[PDB]
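Participant:
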Amino acid sequence: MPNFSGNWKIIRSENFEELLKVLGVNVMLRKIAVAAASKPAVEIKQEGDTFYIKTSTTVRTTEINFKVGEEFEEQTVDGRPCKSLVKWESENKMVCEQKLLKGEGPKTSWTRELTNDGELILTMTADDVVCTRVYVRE
Ligand SMILES: CC(C)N1CCC(C)(C)c2cc(C#Cc3ccc(C(=O)O)cc3)ccc21
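The deposited numbering numbers the first residue of the sequence shown as 1 and each following residue consecutively.
Below you can see the structure in the form of structure tokens.
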């Protein structure tokens with residue numbers, strides 16, 4: 001019965017500021033984002049391979065809708081419009097490759113995985129730098 005669906009509570013965050021730095025976010029905006037990202041609300045709805053994911057903070061909210069295997073548009077973690085495509089790497093792990101709509105920048109991606117223990121891992125990557133965030137349902 002359990003899947004990616006849930007209201008998810010963060011329990012661990014690593015390397016978020018480093019990710020924003022590689023993306024070229026300046027010091028003062030990074031400080032704002034890091035603080036706000038420390039207590040996000042995350043809502044996922046899954047129906048088969050169709051997903052809704054809303055990630056909210058006091059300073060910024062993202063809401064994405066996608067089907068695995070079908071291109072969609074969203075934003076990079078630093079706010080730049082991109083084309084995205086999610087695939088199943090494995091049964092419990094989706095991987096999203098991103099391409100900017102305009103300009104150039106680090107190669108970005110994200111992954112979401114349901115681990116053996118019932119928890120969710122999000123990773124966000126820019127070039128070689130990875131941010132890892134772990135959640136449990138509320
Ligand atoms: C200054 C501020 C408004 N600002 C401008 C710069 C920038 C776009 C980088 C930015 C990013 C965020 C974020 C985030 C976040 C990402 C993932 C999660 C998660 O999945 O848990 C939670 C939060 C917040 C503020 C913010």
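Note that CB positions come from ideal geometry on N, CA and C, so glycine has one too.
If I measure Cβ to Cβ from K67 and keep anything under 6 angstroms in the same chain, skipping five residues before and after, which residues do I get?
Facilitator: Same-chain partners within the cutoff: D49, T50.
Participant: Run the proximity test for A36: is its beta-carbon closer than 7 angstroms to any non-hydrogen atom belonging to ligand 1?
Facilitator: Within the cutoff, so yes.
Participant: Measuring only the C-alpha atoms, how far is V86 from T125?
Facilitator: For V86 and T125, the distance between alpha carbons rounds to 14 angstroms.
Participant: For a test of your reading of the model: does the CB of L20 fall under 7 angstroms from any non-hydrogen atom of ligand 1? Yes or no.
Facilitator: Checking every heavy atom of ligand 1 against the Cβ of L20, one is found closer than 7 angstroms.
Participant: May I ask you to report which of helix, strand or coil DSSP gives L114?
Facilitator: In this structure, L114 counts as strand in the three-state DSSP scheme.
Participant: Can we count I64 as close to ligand 1, meaning its CB is less than 7 angstroms from some heavy atom?
Facilitator: Checking every heavy atom of ligand 1 against the Cβ of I64, none is found closer than 7 angstroms.
Participant: Is it the case that the CB of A33 approaches a heavy atom of ligand 1 more closely than 7 angstroms?
Facilitator: Answer for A33: yes, Cβ within range of ligand 1.
Participant: What residue range is occupied by the uninterrupted beta strand (DSSP E) comprising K9?
Facilitator: 6-14 is the span of the beta strand (DSSP E), which, as asked, contains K9.
Participant: Going by CA-CA distance only, name the one from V136, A35, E43, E91 that's closest to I64.
Facilitator: Nearest option by C-alpha distance: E43.
Participant: Quick check on the burial criterion: 16 or more other C-beta atoms within 10 angstroms. Buried or exposed for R112?
Facilitator: So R112 counts as buried.
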